Amino acid sequence: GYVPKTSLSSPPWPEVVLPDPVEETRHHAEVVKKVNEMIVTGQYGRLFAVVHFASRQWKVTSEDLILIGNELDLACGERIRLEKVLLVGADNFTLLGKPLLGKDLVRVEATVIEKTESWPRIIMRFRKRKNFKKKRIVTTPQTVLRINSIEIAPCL
Amino acid sequence: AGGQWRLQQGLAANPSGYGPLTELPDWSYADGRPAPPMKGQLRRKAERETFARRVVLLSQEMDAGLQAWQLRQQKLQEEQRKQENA
Amino acid sequence: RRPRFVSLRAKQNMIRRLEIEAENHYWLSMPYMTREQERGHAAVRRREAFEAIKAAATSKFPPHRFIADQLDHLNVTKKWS
Amino acid sequence: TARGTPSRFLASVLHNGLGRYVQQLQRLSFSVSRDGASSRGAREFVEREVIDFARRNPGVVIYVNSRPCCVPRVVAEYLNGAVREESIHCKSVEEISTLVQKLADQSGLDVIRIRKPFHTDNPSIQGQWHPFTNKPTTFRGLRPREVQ
Amino acid sequence: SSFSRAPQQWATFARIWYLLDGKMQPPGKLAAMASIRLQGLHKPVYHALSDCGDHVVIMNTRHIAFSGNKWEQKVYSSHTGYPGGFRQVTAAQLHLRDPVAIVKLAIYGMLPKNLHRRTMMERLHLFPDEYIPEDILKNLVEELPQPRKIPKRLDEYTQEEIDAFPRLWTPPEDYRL
Amino acid sequence: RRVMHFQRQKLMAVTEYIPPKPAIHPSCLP
Amino acid sequence: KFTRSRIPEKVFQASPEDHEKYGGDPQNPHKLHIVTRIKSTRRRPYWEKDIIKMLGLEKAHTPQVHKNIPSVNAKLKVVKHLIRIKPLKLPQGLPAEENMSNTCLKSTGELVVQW
RNA sequence: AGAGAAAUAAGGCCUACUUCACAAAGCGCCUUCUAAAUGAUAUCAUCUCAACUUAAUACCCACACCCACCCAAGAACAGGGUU
RNA sequence: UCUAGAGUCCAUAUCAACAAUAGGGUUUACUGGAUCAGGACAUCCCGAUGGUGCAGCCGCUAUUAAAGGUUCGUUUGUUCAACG
RNA sequence: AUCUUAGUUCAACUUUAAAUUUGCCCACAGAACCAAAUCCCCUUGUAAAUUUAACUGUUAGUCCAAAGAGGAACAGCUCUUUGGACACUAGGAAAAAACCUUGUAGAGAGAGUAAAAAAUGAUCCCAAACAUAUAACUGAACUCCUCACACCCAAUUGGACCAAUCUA
Ligand SMILES: [Mg+2]
Ligand SMILES: [Mg+2]
Ligand SMILES: [Mg+2]
Ligand SMILES: [Zn+2]
C-alpha cells in the first residue's frame, strides 16, 4: 500500500521488471538468426573453445598445445576429436552450452605430438624426534595434444 | 558453487558427479569411430552394477521371507484343524 | 577469554544437522517387517557366506614347485656364439 | 626441486602437429655385448624385438653393434640435435621394450619442469585486457574536474 | 587488438590515476576503495609480484565525517621510543594537527603488511582541501563514486518535495505555534 | 558461574526461547 | 559416567504432522534404506566405530543400501546422528538380469535404468 | 596582582675566590618562557550522554677540497684556521 | 551496598556492627646497600573543584591531577623498628 | 608379587606362522531380599574369533565430558570409574599435543562440502574499518572428477631390495 517517501520504504535497489516474454521470444529468435547468418557467410575469424578433457577445462584455439598428465593410449600423431565443448567464441559472437554444445554445432580436432614422462617429483615425509624420514621419487606420465582446428556449423 | 540449488533440482551436488560432463566419452577418433572407454567410466559402471545387484538381492530376500512367514502361518493355523476332527 | 560467543553461522550449521537427524528419526518409525516376521529369512545366505570364509581359511598351504622354474635359472649364462 | 632445477616452457620442435606430424627420434644405437651377463635382456631384445620395432618406425635408423664387450647402452638421437643415453644393463626384455618405445614416443627436448601446461601463440581473440576496456568516455575527452 | 608486442604490454600494465572525493565521506570507506585500487585488486590482470598498483588522489580530506562519537573516542597512539613518550591523541586533535593523517592511517591499516606497503603509499596523494596541483590534475583519468550518499538537509529541499510529503498530524489552533 | 564446554554453549544458544510475535503492536492498536 | 544411550521409543512415532512433511506413508512402507555417512567416526565411542564398520559405511558419503527391518534399525538408531537415511524409490521396478549394468541412482533416491 | 632573597634541577662560563696556572675545575658566577546564560522532551523549571553560548617559539641550514702545519676540534676518522 | 545503632535534635558531618558484592593470601606443628633508576595511581606535597558541623588560613572528608619532587643522622641487620 | 615403585618376573596388549569354526552387534525372556546403565543370548549386519607353535616390546602417562571419595561445594589439588583425544595425518578457534572438523596416504594450473566471524595498575593503546544494495559465497590431505597405487605412528614384530670388499 501507499507509504510516504522515506529512506527505508523502498529498498535501495531499483525495481527491475523484465520484458514481457511474448516479445522477448521474438527478439531472441531474431538475434539468433542474426548470429546464424553471421556463421553461414564466414563472418568470423579465429575461434576459441572451452574444451573439457581429462578432468580440466582448457581454453584453447587453433594451433595451440595442451599437456595432459595422463597417458591417452594413442599412437604418435593420431588425430582425435574432443567432445564436450562448453563455450565457443569468435570476435563478435559466442555460444554457451547448458552445459555442453551439441556434437553437430562445434568440431574440435587435436593431434598427439609427444608422449613422455614428466620431470622427477619428490615426495619426502619427515617428523621430528621420531626417526620418521622417508623419500620417494615419482614420474607421472603425460602427453601433449596439439589442437588443429575449431570449426563451427550453422545449426541454430 | 550451488550444491543446494543443484540438489533442489534433482541434480548431483557436484557437477563432477553424474552428468553429461563426467560420463560421456571425452573423445572419439577423427574418422568417427568411438574410443576405448575411460577407466573411471568402467569403474563407475561396475560399482553401479554391484549396487543394483545388491538391491535386487535384498529385496528378493525380504519378499521370500514374507512368503515363508505366510506359509508358516498357514501350516500352524490350519494344521490345528486336523486336531479338530475324529 | 575462556567463554565464547556462539556465532550465527554455528547456529545455522547445528540446525542443519538437527533437521537431518529429525528426518532420520522419521525414516525409522516404519519398518517393513516385524521382529517375528524377519526371523530366519537370511539364514541361508549367512550360512553360505561363513562357509565361504571357512573354506578360504582352511585352504592355506605352500605353493607348488616346478622343475622348469629351477632350470630356468641356468639362463643367467646364456651367450651368443 | 623446482628452485634448484632448470625450467622451460611448453613447446614443440617445428610446430610438429600443425602441418604434418613428424617423428623426432631419428637414430638409435644399441651396444650389446655378446658374452656379458648384463647384456642378456639386450640380447633378447635384439633377437626377438628389434626387427618389429624397426618395421613399425621406418624413420628411425637403428644401428646395433657388439663392441662394448661388458656393458650395454642405448643412445637416442633426435631431429633437434638432442642426444639421450639410457642404461639397459641388467634389465629385462619387457623393460627394454618399454624404454625403447618411450624414447621413440617423445620429442628430444629436456625433461624439466614445464612452467605452463598450455602454450598458445594467439591467446586473445577479442583483444587482451587493458585498463580502458570496460571504461566509459566523456564529452570532448575531459579529465575529471576540468573546465573547458 | 593487433597491437605490436611492446605497445600491448605497455597498454595492459599501465598505471591509472583515480580521483576520489572525500567530502562527508567516512575514512574507512575511502580507505577500502583506496586500498583496493592501490593494491591492484581492481585489475583482472592482478598479481602480487607484478606491481599493478595504480595511483589514488583523495581530496577534501579535511572534510571527512566519522560515524557516531568517534571524534571524541577514537584515540590514535604513538611512542617516540624515549621513556615517557607514549602519546595518545583523540581524532579531533589529530585532525586539527594534521588534516590528512586520519585517512592516511586508515589506508595504511587496510593495506597488506609487507614490504610493498610503503611503495603503495608513495602512490597515495592526499590533499586537505579542494586545491590540487596542476601536475596531478593533468594526470587523472576517472572519478570513483563517493561511497556514502550525503543526506541532504532542509535547506536544499524544494517546496515541491516538501509539500509532496504529507502533513502527518494536526496541531490545535489555540496552541501558540 | 563456571564456563560451559563449547558444544553445550551452542546447544544452549540454538535452543533459546523465541516468543510468538503479537499480531499487532499494542501501542498503535488496543 | 558416559554410557550407551537407550533412545525411548516415543521418538520413533511418526505423527499425522510428520507424514505430510516427508514423502512417506504409514501403510505400505518402503523396502530398502539408502544410507550415507556425513560425520566422522573419530571423536565418538567405539560402539559407534564398530557399528559403522559393520554397516559398510566406512568411507564417506558413498551411499549404501540396507534392509528396512528392525534388526538393522536397532543398529541405525545408535548411529542415527552420523548418517543420513533416505528411502530408496523404484518408480520403474527392480531391474531384470538385463539392465543390471545400465542403472543409475539419482540424488532424490530413485533407482532408474539407462540414465 | 606584583617586587626582592635562597635552594634545588637542567644548561653553560673562568673576570674575580678557591684547587691551580698558555688550561681543567667548584666551593664561584650567569640564564631558564566543574560554576554559569538561553532553553525543550515534561510550554513553569532544568549548565545540555538535547539543539546551542561561555572557561612554545628557539637551535641547526654554503653539493663537489684534505698533501702539510696549527687548533679553544679530536680516541682513529671527522671539524675550525693557514691573507 | 539496607540503613540500623549511635552521635546534646537528626544515618548521611563521622564510625558504621553482622551480612552481601567485589580485588588479594595463611609452609609448618601433630635477602639487604650502593649506582642508575623505568612504570602505575589506589596522591604525601605542589595544582584545580564540591560540601562542611572550617562561621576564616589550616582541619575534615569527596572528585580531578602522575609534568616535578619525595632529607640527613644514633643503635641494628629475616632485612623492620625506635629515637634526634 | 617383589629389601619393590629409576628395575625385574607373570599376566593383559602387540607381532608372525598354523589349525579349526564360530566371534562381535543384538531385541523378547532372565539376574534380592536390603539414577545413568550393566550382564546374557534367537535372529540381523557383518568376517572375524578361538586354539596351537615361537619370540621380543609397553606397563603404573597428559588433557577434556561425566559420576564419586579427599582438600569448600576452592585452591587448576591426590585418588577410582565410563568415554574421547594426544603421543599419527590434515583444516579451524590468533598463536594452540588434549576443544570442533577429518583419516589409508601418489600427479592435476579441476569441482562440492565440513568445522569456522560476537552481542549489549605497573615498557607502548593494539589489526584497519564499517550502522541498511536482496544471502548467497569462501573454506581441507573429507568426497567426486582424469590417471597411478605397497608408498604418512613411538617401543616392538614381519617382509622386499641393496651400496662397498674378499673368495669360487
Ligand atoms: Mg682542583
Ligand atoms: Mg545371544
Ligand atoms: Mg582419501
Ligand atoms: Zn504507536
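Values in this text are rule-based calculations from the coordinates and carry no lab data. Every residue, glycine as well, gets a Cβ built from its backbone with ideal geometry; the counts of neighbours run over all protein chains shown.
I'd like the residue in the range A:93-118 that is under 30 Å from D:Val13 (Cα atoms) and β-branched (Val, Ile, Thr) and, out of all such residues, is farthest from the other protein chains (Cβ to nearest Cβ).
Initially, the range A:93-118 is screened for residues under 30 Å from D:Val13 (Cα atoms), giving A:106-118.
Next, from what is left, pick out any that are β-branched (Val, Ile, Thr): A:106, A:108, A:111-113, A:116.
Values: A:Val106: 14, A:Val108: 10, A:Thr111: 4, A:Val112: 8, A:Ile113: 4, A:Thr116: 4 Å.
Looking at the filtered set, the residue picked out is A:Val106.
Just checking, which of B:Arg43, B:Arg33 is exposed (fewer than 10 other Cβ atoms within 10 Å of the Cβ) and either more than 8 Å from chain A (Cβ to nearest Cβ) or closer than 15 Å to A:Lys84 by Cα (or both)?
Values: B:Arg43 fails: exposed (fewer than 10 other Cβ atoms within 10 Å of the Cβ).
Answer to the selection: B:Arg33.
For the range G:24-37, name all the residues that are under 12 Å from the mean Cα position of the chain (by Cα) and either under 19 Å from G:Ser107 (Cβ atoms) or more than 8 Å from chain C (Cβ to nearest Cβ) (or both).
Taking the range G:24-37 as the starting set, the residues that turn out to be under 12 Å from the mean Cα position of the chain (by Cα) are G:30-37.
If the condition is that a residue be under 12 Å from the mean Cα position of the chain (by Cα) and either under 19 Å from G:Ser107 (Cβ atoms) or more than 8 Å from chain C (Cβ to nearest Cβ) (or both), then G:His30, G:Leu32, G:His33, G:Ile34, G:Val35, G:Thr36, G:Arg37 are the ones that fit.
Yes or no, residue by residue, for (1) in contact with a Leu (Cβ under 9 Å, 6 or more places away or on another chain); (2) away from every other protein chain (no Cβ under 14 Å); (3) touching a residue at least 24 places away in the same chain (Cβ under 8 Å); (4) assigned to a loop (DSSP other than H, G, I, E, B):
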| position | (1), (2), (3), (4) |
| --- | --- |
| C:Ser29 | no, no, no, yes |
| C:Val44 | no, no, no, no |
| C:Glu48 | no, no, no, no |
| C:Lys60 | no, yes, no, yes |
| C:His64 | no, yes, no, yes |
| C:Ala68 | no, yes, no, no |
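Mind checking which strands (runs of 3 or more DSSP E) fall wholly inside the range G:1-94 and carry at least 3 residues that are without any contact (Cβ under 8 Å) to a residue 40 or more places away in the chain and not polar (S, T, N, Q)?
Values: elements: G:32-37, G:64-67, G:83-87.
Hits in the range G:1-94: G:64-67.
Suppose we filter C:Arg65, C:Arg39, C:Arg35 for residues that are more than 30 Å from D:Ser92 (Cα to Cα) and out of contact with any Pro (no Cβ under 7 Å at 6 or more places or on another chain); which single one remains?
Working: C:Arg65 fails: more than 30 Å from D:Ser92 (Cα to Cα); C:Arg35 fails: out of contact with any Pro (no Cβ under 7 Å at 6 or more places or on another chain).
Criteria check complete, one pass: C:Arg39.
Among the strands (runs of 3 or more DSSP E) lying completely within the range A:104-148, list those that include at least 2 residues that are over 30 Å from D:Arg3 (Cβ atoms) and within 18 Å of the chain's Cα centre (by Cα). Walk me through how you get there before you give the answer.
Details: elements: A:106-117, A:121-127, A:132-138.
Of the strands (runs of 3 or more DSSP E) lying wholly inside the range A:104-148, those with at least 2 residues that are over 30 Å from D:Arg3 (Cβ atoms) and within 18 Å of the chain's Cα centre (by Cα) span A:106-117.
Of all residues being surrounded by 17 or more Cβ atoms within 10 Å (Cβ to Cβ) and touching a helix residue (DSSP H, G or I) at 6+ places or on another chain (Cβ under 9 Å) in the range D:97-109, which is nearest to the other protein chains (Cβ to nearest Cβ)? Just the residue, please. Lay out the reasoning, then the answer.
The initial filter retains those residues of the range D:97-109 that are surrounded by 17 or more Cβ atoms within 10 Å (Cβ to Cβ), namely D:97, D:99-100, D:103-109.
Those left that are additionally touching a helix residue (DSSP H, G or I) at 6+ places or on another chain (Cβ under 9 Å): D:97, D:100, D:104.
On the way: D:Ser97: 15, D:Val100: 13, D:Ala104: 8 Å.
Among those residues, the one meeting the criterion is D:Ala104.
I'd like to verify a number: residues in the range E:79-109 that are surrounded by 17 or more Cβ atoms within 10 Å (Cβ to Cβ) and over 21 Å from E:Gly68 (Cα atoms), how many?
So the count comes out to 1.
Looking only at residues in the range F:14-30 that are more than 21 Å from G:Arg43 (Cβ to Cβ) and within 13 Å of the chain's Cα centre (by Cα), which one is nearest to RNA strand I (Cβ to nearest atom)?
Step one: filter the range F:14-30 for residues more than 21 Å from G:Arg43 (Cβ to Cβ), giving F:15-30.
After this cut, where a residue has to be within 13 Å of the chain's Cα centre (by Cα) as well, the list is F:15-21.
On the way: F:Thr15: 27, F:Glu16: 24, F:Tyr17: 26, F:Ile18: 30, F:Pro19: 30, F:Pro20: 35, F:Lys21: 36 Å.
Among those residues, the one meeting the criterion is F:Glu16.
Output the residue which, of all residues in the range E:35-74 that are hydrophobic (A, V, I, L, M, F, W, C) and within 16 Å of RNA strand H (Cβ to nearest atom), is nearest to the other protein chains (Cβ to nearest Cβ). Even if it seems obvious, please write down each step before you answer.
Looking only at the range E:35-74, we keep the residues that are hydrophobic (A, V, I, L, M, F, W, C), and these are E:36, E:38, E:41, E:45, E:48-49, E:52, E:56-59, E:64-66, E:71.
Checking the rest, the ones that are also within 16 Å of RNA strand H (Cβ to nearest atom) come to E:65-66, E:71.
On the way: E:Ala65: 17, E:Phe66: 20, E:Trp71: 24 Å.
Among residues in the range E:35-74 that are hydrophobic (A, V, I, L, M, F, W, C) and within 16 Å of RNA strand H (Cβ to nearest atom), the one nearest to the other protein chains (Cβ to nearest Cβ) is E:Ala65.
Can you tell which of A:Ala49, A:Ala90 is aliphatic (A, V, I, L, M), within 9 Å of another protein chain (Cβ to nearest Cβ) and under 30 Å from B:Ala35 (Cα atoms)?
On the way: A:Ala49 fails: within 9 Å of another protein chain (Cβ to nearest Cβ).
Step by step, each of A:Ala49, A:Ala90 is checked, and only A:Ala90 is aliphatic (A, V, I, L, M), within 9 Å of another protein chain (Cβ to nearest Cβ) and under 30 Å from B:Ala35 (Cα atoms).
Which of the residues belonging to the range A:58-87 are within 11 Å of chain D (Cβ to nearest Cβ) and either within 16 Å of RNA strand I (Cβ to nearest atom) or exposed (fewer than 13 other Cβ atoms within 10 Å of the Cβ) (or both)?
A:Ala75
Look through the range E:79-100, keep the residues that are away from RNA strand H (no atom under 16 Å from the Cβ) and under 22 Å from E:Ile58 (Cβ atoms), and return whichever of them is farthest from the other protein chains (Cβ to nearest Cβ). Even if it seems obvious, please write down each step before you answer.
Step one: list which residues in the range E:79-100 are away from RNA strand H (no atom under 16 Å from the Cβ), which gives E:79, E:81, E:86, E:88, E:91, E:100.
Remaining after also requiring under 22 Å from E:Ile58 (Cβ atoms): E:91, E:100.
On the way: E:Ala91: 27, E:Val100: 19 Å.
Per the stated criteria, the residue is E:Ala91.
Within the range D:110-148, how many residues turn out to be away from chain E (no Cβ under 11 Å) and hydrophobic (A, V, I, L, M, F, W, C)?
Residues meeting the conditions: 5.
What are the residue pairs meeting all of these: first residue in the range E:142-164, first residue away from every other protein chain (no Cβ under 12 Å) and in contact (Cβ under 8 Å) with a residue 60 or more places away in the chain, second residue among the small types (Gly, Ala, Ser) and not in a loop (DSSP other than H, G, I, E, B), Cβ atoms under 7 Å, and 6 or more apart or on different chains?
Correct list of pairs: empty, since none qualify.
Contact list please: Cβ distance under 9 Å, first residue in the range B:3-26 and at the interface with another protein chain (Cβ under 7 Å from one of its Cβ atoms), second residue surrounded by fewer than 15 Cβ atoms within 10 Å (Cβ to Cβ) and of a type in the set (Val, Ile, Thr), pairs at least six apart or on different chains.
B:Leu7/G:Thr108; B:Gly10/G:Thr108
Identify all residues within the range E:42-77 that are surrounded by 11 or more Cβ atoms within 10 Å (Cβ to Cβ), near RNA strand J (Cβ under 8 Å from one of its atoms) and free of Cβ contacts under 8 Å to residues at least 40 places away in the same chain; write none if there are none.
Once the filter is applied, which keeps residues that are surrounded by 11 or more Cβ atoms within 10 Å (Cβ to Cβ), near RNA strand J (Cβ under 8 Å from one of its atoms) and free of Cβ contacts under 8 Å to residues at least 40 places away in the same chain, the range E:42-77 yields E:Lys70, E:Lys74, E:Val75, E:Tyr76.
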